[PDB]
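Participant:
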Amino acid sequence: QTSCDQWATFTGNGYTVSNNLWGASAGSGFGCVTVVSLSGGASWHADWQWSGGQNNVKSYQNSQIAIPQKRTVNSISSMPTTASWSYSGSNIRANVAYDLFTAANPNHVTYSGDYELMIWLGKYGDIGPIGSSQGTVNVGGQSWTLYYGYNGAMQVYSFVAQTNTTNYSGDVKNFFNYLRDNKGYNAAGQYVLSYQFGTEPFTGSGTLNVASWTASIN
Ligand SMILES: *[C@@H]1O[C@H](CO)[C@@H](O)[C@H](O)[C@H]1NC(C)=O
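First residue of the sequence shown? That's 318 in our numbering, and the numbers climb one at a time after it.
(1) Looking at the secondary structure, which residues open and close the alpha helix (DSSP H) in which residue 497 lies?
(2) Can you list, in chain order, the residues of its chain with a C-beta nearer than 8 angstroms to that of residue 449? Leave out the 5 residues immediately preceding and following it.
(3) Please state whether DSSP places residue 486 in a helix, a strand or coil.
(4) Tell me whether residue 480, by its Cβ, gets closer than 6 angstroms to a heavy atom of ligand 1.
(5) Find the nearest neighbour of residue 378 within the set 533, 531, 535 and 524, judged by alpha-carbon distance.
(6) In three-state terms, what does DSSP make of residue 341?
(7) Give the single residue among 520, 482 and 339 whose Cα lies nearest to the Cα of residue 370.
(8) So if DSSP puts residue 446 in a beta bridge, which residue, or which two residues, is it bridged to?
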């Protein structure tokens, strides 16, 4: 189904698609999500138009999976995911990105974390991640520009693809392992609180078509 309501959510089979227009107060416009299928992953599209607040994210329309029991990053053996998407519209300033929070407390509120891991498969316009570039890194055989900085007390690592990656197959465990093995990230003590995929728009008119998104934690 389709909804443009600010906080619309749709759930099925452990997947949830949310409108999540948390930054609407930064501009004029709208955001709508359409669920096509929640069987065999999430197939959905995000539609939006935004003006004003040049450097303010307006929303993070996203699909995510339920995480009934929080586990440490090291205890998890695999976090496989696939994504097939395309972006259309005009004057698109927006990204396409995975978002995950972790925290030392497994009972941490799930709307923030000690750390935020982002994996930007797409980047439209002159926008950029939190922090500064730490250079090019290899994860899963693909090159990423890794950014690191703080959003308040929370530390944010964003792996940004060097080309829009519209068909992706990977394992988020490889990204956490990169941090654990190269940036002192405490995978032994951090629990995965969320596992999301969507788009952060700033301005323009856009449609993100997510033909398929799958993710699980094993
Ligand atoms: C994604 O595509 C847009 C539109 O062609 C382009 O401007 C942008 O540089 C691309 N981003 C990446 C990461 O290649």
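Backbone N, C-alpha and C fix where the C-beta goes; we use that ideal spot for every residue, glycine too.
Facilitator: Concretely, from the data shown:
(1) 489–499
(2) 464, 465 and 466
(3) The DSSP-derived three-state label of residue 486 is strand.
(4) yes
(5) 524
(6) helix
(7) Checked all of 520, 482 and 339; the closest Cα to residue 370 is 520.
(8) Its beta-bridge partners do not exist; DSSP assigns none.
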